[PDB]
Amino acid sequence: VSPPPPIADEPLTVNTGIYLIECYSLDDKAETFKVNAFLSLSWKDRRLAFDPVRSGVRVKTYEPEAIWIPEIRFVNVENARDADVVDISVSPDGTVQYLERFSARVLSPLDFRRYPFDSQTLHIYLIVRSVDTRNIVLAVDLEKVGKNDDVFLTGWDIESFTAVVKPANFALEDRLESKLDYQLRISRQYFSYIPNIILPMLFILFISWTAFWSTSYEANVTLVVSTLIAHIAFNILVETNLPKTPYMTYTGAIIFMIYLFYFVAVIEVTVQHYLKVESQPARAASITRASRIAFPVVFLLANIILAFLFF
Amino acid sequence: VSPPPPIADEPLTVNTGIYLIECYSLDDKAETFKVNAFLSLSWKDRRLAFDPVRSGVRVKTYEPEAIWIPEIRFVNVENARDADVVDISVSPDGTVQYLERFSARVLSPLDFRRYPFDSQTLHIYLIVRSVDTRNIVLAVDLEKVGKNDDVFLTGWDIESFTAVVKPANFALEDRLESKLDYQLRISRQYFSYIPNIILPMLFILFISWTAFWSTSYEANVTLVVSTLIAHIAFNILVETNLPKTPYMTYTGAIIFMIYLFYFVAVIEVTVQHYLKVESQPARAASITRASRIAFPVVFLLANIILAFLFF
Amino acid sequence: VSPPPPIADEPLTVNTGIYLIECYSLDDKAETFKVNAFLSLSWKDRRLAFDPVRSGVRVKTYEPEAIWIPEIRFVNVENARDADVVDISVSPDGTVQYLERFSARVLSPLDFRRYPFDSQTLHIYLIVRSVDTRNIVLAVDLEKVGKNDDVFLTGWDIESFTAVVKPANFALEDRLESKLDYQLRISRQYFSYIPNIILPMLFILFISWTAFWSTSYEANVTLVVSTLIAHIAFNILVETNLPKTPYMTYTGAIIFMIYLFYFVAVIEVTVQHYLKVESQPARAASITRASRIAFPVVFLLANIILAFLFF
Amino acid sequence: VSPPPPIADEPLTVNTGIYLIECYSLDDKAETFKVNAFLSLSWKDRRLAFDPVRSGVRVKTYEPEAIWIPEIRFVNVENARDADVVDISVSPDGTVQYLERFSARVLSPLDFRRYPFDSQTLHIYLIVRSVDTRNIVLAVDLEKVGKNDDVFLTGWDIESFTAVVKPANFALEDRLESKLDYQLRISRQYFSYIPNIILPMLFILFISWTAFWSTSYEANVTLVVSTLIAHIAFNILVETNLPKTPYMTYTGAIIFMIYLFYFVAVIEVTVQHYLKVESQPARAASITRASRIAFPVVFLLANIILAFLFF
Amino acid sequence: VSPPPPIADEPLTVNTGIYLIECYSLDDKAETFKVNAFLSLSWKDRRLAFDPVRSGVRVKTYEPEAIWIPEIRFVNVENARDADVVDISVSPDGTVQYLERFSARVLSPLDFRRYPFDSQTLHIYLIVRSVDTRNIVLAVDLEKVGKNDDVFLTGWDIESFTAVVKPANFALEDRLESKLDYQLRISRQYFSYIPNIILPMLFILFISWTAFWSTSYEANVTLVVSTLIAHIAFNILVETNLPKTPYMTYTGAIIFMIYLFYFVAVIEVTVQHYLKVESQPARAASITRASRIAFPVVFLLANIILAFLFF
Ligand SMILES: [Cl-]
Ligand SMILES: [Cl-]
Ligand SMILES: [Cl-]
């Protein structure tokens, strides 16, 4: 075959809809996710039209390579989609109803600034290249767009699956291409991170601060440096969950700022000990007593400085 | 082709059965598992019926694309099934017997609340979309549903493979779809976890508690902080076996509660030492002697508080 | 096509043979292994028989989908086999010679009780489903079963590749199925494990025992707890080589028993120190001197208790 | 089919262009990256030419296996490309316009000398083998070469995608082959590495240096050796991001040089302690006080020695 | 089709050549590597021969399934090769020129005795099975065997790609098979390993030896045991780069021998301390002073004992 000829000089509207049956494998590091969904297309090809009265049953089915079907292709995917054709129904008036079920690996970027309290807007871009004999445009059949009540993306809640109704079209290598935008919004399930990363990472920090109620370098070094080792256990665990962002993550800031509250603690401790060899135990254990508040304070300030700075 | 015409105005019962030949790769983190099984279908298409007497042999075989075969598709899979067709036998009266062997990667969620003492109900959902010319319904051929005596899902015992006989059917994008539910129940083999995770994780905790029979900060810090390091070895090992649940796991609770019995131990130790610089060795080593029971008690209580809270 | 009609009322013998060209990727954790082998089949279909004298060359070749070929399928595989057809030769008398080379991922379980001193019996099960018009049986063409002198399964020696000549056949969903059993026996190359896991894991234990010739808690805690950290390095390395068995592995026992000889060492040390604060340096360093033999003894006993218990 | 016959004795120019739709998965260790792009070809086959006036619409479409299409193949790929054919338009004068969209895994080496401040020149080599009946040459259709404003290669900025216009051609196994060179230049997003690797790796080093303001071996050993442990945490993390280069990386130098500033620190410390048993506390704590500047100096020198040496 | 009939009673020589376009992914652990190469075949089938003077152009091209092409198959591969056919040219005299480009994952074992200073001989074995009607033999077209100036196998230098000209042929399941042997020799790029594994692993050892210039058990235990921890960091990193060999690696020996120079160091230290409690500070610090040379000596001896033993 080859396309429907234009009765006027109009371009052909093709009526698209994506209905999600599964979302799975949101891979943060990779900035991807797998989807499994119906893709539903719908266009007018009068060449196929017919008389219901004489022909018998209302609507006519075709095997795929019988009729002309538009080159609808996903933009932002790695795996060029794996699809079964489900039904092709042609209505009396030459209007076609195409349905495939597909699954593909989509490549939408994620913004980690607010990790692990972030939300995202995933993107499934649909395209169609316009042929020789006529232009083609896509548009949204808002009733053939949805998702399942099953659909669970482990570690995220799912807000909306909507579609930007207006396809911005444009010239790509001499011909026109029409591009739609489907939008899956999600919010990270942050609960996990409290008792798995934050509360522990804090306890091991707080332990470090017990060297303010001690005056034994021999022991304080152990206190602070050992807990720094323990903290390092949890920096290398968090920084490889995520990709190398060229912008600062919020968790990453918190974590990096902690590397001072160890560094500076060592300084205080190293000083308190210094002065006590230099015999000013008054001035030494002024500092050390100060710290007992300075540290918890400057922390609760500076986490609130950051909190605001990031939200 | 195209479907059997409805003699009355009835829908079309299709007679389904899944017989498991292999279950494997239950992936906890992914919330998936691979299955390899016969799918057996069975429907009435009178167009194919015949006279055995004037025939040859009793029953007639067809190559797949010869006859009309219903669009039976798995719902909750990532890999749209890999299938070889095994036999299509048509009985004299137009009743078809379809058999394929398939294997697919199924995506059923697991509830980790009781890990690693949990059990699960896996789900293989079968669907069929209803065509223009008539509706289609599924139902269970209870004699064509089973599993092998071979079948072993490493790290789980397998209870039942049954099927919810009544398919709840419903409207999806204008047409009807009929959905069955096959149910594989399993229970985790928890033995591994005793001598691999729990008993060790306890010994390293108990060691921490030897700092109640000591009065040497210089050493006690080492005792408690080192064992905390060792414990951290086993938190990062358990917390990446599993997915990030937004609900509290039972193992996760135990583990998180342990991070206090290190934190609080440090407090006690830090205090006992504090008081000894402030000269109340009586009051100091009252506490220290108390702890010798307080800790083991509050633990056996609070593990039994949790145990109950989770079971 | 459809099968050879039975001249008597006999079932059809199909003459099977597997010749291994490669075994590779024995995956302990997965309980699998990849094989790459000739599958050779051989049956009598008189419909194909012919006159050599008049027809020309002695034996006739056919492209696969020309003749009737039996549905031979592997039972215990994940990847339903990838096969090239190599030759189909039909002898004058209607006897067919089928040869494919295949490769597949086989799923045979392994028994780890004796790891890493274990041996295994891998299993490649061949099946054939019996048709409508006649029954089918498999049997072994003992001269078409072997393996290469190349074949190396890294980390295992390979004993035998034999086949249980008698196929136990049986009824599966109304029809007969005939199942053969091919058996690849292997023994683990345990040498690696001596200087990589056992000898080191022992040295770090023996170091722990230097705290019996010391009377400095400050230091002994360090000695024992540090070496316990080092030992933990090698428990988490061994326990993820293997799958979670619900039965006790021999290596796992040894390892778990070691977690006492650290625990109990801490006890002794914690005691020796205790008594020295309570002023019985005699009784304290009686124990400590006892231990110097108690420990190495109770170890050589209890590894020999286990050794016998497991062999 | 078979090629266009040469009107003169000229070779055939084929007009190539690659338009990148996605770059992703730059795998440093593997020295690869996945691309997804239009490949656009364009040649003159007069056999296909026609009269527009009589034939109807201006330009003629063909299904792929209808016409002769040149054997264009990618050189430096692992996955021999996955391609859909998009359009084949033949202009009146026998000039063909071929368009496929492809995606492939490209194998271009990366130079890590300046990691993680490096830039790279990726390479997509296009080839065509020349046939019996005539020679074939490639050349660049500079207007059909570009990339998207979407295209993001996580962790890199993308400079240019250009093409070396002149294909160097040559004899390979008796016949000619013509090879083009497309060039994707990129620069690593180094920001991530400051607060994730460098600043921490420095703090843990600076802590080591607090043992110059201390005179307690018992503690200094702890200070220096513990921080060396912490540093080892970050050497094994960096050295497995990257491949085993046979040339010195810049990060690797820095890191390896740090292993001296621990080694030499131990020496100083071990000495200061030695002398203090030998009773020259003057000479001992001359050294120690010297070091307080020697170390930070020799570091700022030697990082600047290297910095220059590498840039 | 079916083969060329033998004019005499000779077997058919088939003229093979492999030209490497890419080698990549030498996987030490797996004992594999991916190759991407031309396979070029060449045989005499007179049935295809012709008269150039009357037929027109010198040489005739055929689509693959037109002519008889020999069953050439790779022996030692996991992935049964992925191939495009490039050209089939038939010369006037019935001699065929076949060319495919293929890529496959080859399974050649590597000998790790001398790791990481080893070299290897990779193996790509070509086979052909001999038919009913006549025998087939392979042989090398030495001018159609080579490699690219591009070809880079990251972490190895590439010496030669040659072919054992004489195919040893043999009987496999009743018929003859002819097997060629192509040989890719490579040498490991060992530079990486000096500043990444050996020099550090030595510094951490040398630090251990600073406990000979100290007489503080409290501290020496820390010195030696901590550095043993640090060394363990680098044993578990080296021992999982490589497969479990049943023979001793050279790196593995060095590493295992190091586990004594920690063990024995502990002994010395544990002794020096013992004697100081038993009051022979002379005899104690005789040993300690001896060691200061004993250790570095016995090391430079015993690494040279081994060096020789392995080379
Ligand atoms: Cl697509
Ligand atoms: Cl499906
Ligand atoms: Cl290609």
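General observations
- Sorted shortest first, the distances from the C:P5 label point to those of the same residue in the other copies are 3.5, 3.6, 5.7, 5.7 nm; each point sits 7 Å from Cα along Cα-to-Cβ.
- Based on C-alpha pairs under 8 angstrom that are at least 6 apart in sequence, chain A has a relative contact order of 17 percent.
- Average beta-carbon neighbours from other chains, 10 Å sphere, peptide A:130-138: 2
- The protein assembly as shown, dipole about Cα centre (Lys/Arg Cβ +1, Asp/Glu Cβ -1), debye to the nearest 20: 4080
- Average other protein chain Cβ within 10 Å of Cβ, residues B:260-269: 3
- Among D:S178, D:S42, D:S214: highest mean-square fluctuation, GNM of chain D, C-alpha pairs under 10 Å: D:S214
- Charge context of D:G155, other residues only, Cβ under 10 angstrom, K/R +1, D/E -1: 0
- Seen from D:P11, the other residues with C-beta closer than 15 Å to its C-beta sum to a net charge of 0, counting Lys and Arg as +1 and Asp and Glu as -1.
- Counting other Cβ atoms within 10 Å as a rough exposure proxy, the listed residues B:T251, E:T245 run E:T245, B:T251 from fewest neighbours to most.
- As a length-normalised measure over Cα pairs under 8 Å and 6 or more apart, the relative contact order of segment C:86-132 settles at 23 percent.
- Mean separation of Cα contacts under 8 Å (6+ apart) over length of segment E:193-311, as relative contact order %: 31
- In this label model, C:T162 and A:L301 are separated by 8.1 nm, measuring between points 7 Å along each Cα→Cβ vector.
- Beta bridges from DSSP with both residues in segment B:1-192: antiparallel share about 90 percent, rounded to the nearest 5.
- For segment A:193-311, a Kirkwood radius taken over Cα pairs fed into Stokes-Einstein (37 °C, viscosity 0.692 mPa s) yields D = 213 µm²/s.
- Label-point spacing at A:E159 relative to the other copies reads 3.9, 3.9, 6.3, 6.3 nm, in ascending order, each point sitting 7 Å out from Cα along Cα→Cβ.
- Taking other residues whose beta carbon is less than 15 angstrom from the beta carbon of A:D82, and scoring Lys, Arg as +1 and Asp, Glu as -1, yields 0.
- Gaussian network model of chain D, springs between alpha carbon atoms under 10 Å - residue of D:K144, D:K276, D:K60 with greatest fluctuation: D:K276
- Note on A:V59 and C:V277: with the Förster distance fixed at 60 Å, the Cβ-Cβ geometry gives a FRET efficiency of about 0.05.
- Percent of beta bridges antiparallel (DSSP, the protein assembly as shown, rounded to nearest 5): 90
- Order of B:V164, A:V271 under a 10 Å beta carbon neighbour criterion, fewest first: B:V164, A:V271
- Over the residues of the protein assembly as shown, the helix contribution to mean residue ellipticity at 222 nm works out to -10500 deg cm²/dmol, using -39500 (n - 2.57) for each DSSP H run of at least 4.
- Computed over segment D:64-201, the P(r) curve from all C-alpha pair distances, binned at 5 Å from the origin, holds 2, 8, 13, 18, 19, 14, 10, 7, 5, 3, 2, 1, 0, 0 percent per bin.
- Peptide C:190-201 - average C-beta neighbours from other chains (10 Å radius): 5
- Residue with peak Gaussian network fluctuation, chain A [Cα springs, cutoff 10 Å], from A:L126, A:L199, A:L180: A:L199
- Ellipsoid semi-axes for the protein assembly as shown, based on the Cα gyration tensor and the rule √(5λ), read 64, 38, 38 Å when sorted largest first.
- Rounded to the nearest 20 debye, the dipole magnitude of chain B is 860 debye, with +1 charges on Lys and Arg beta carbons, -1 on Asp and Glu beta carbons, and the Cα centre as origin.
- Exposure proxy order (Cβ contacts within 10 Å, fewest to most) of E:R54, E:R47: E:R54, E:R47
- Label distances, nm, E:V53 versus same residue in remaining copies, Cβ-directed 7 Å point: 4.5, 4.7, 7.6, 7.6
Coordinate-derived values only; no laboratory data. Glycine gets a Cβ as well: all are built from the backbone with ideal geometry, and neighbour counts include every protein chain shown.
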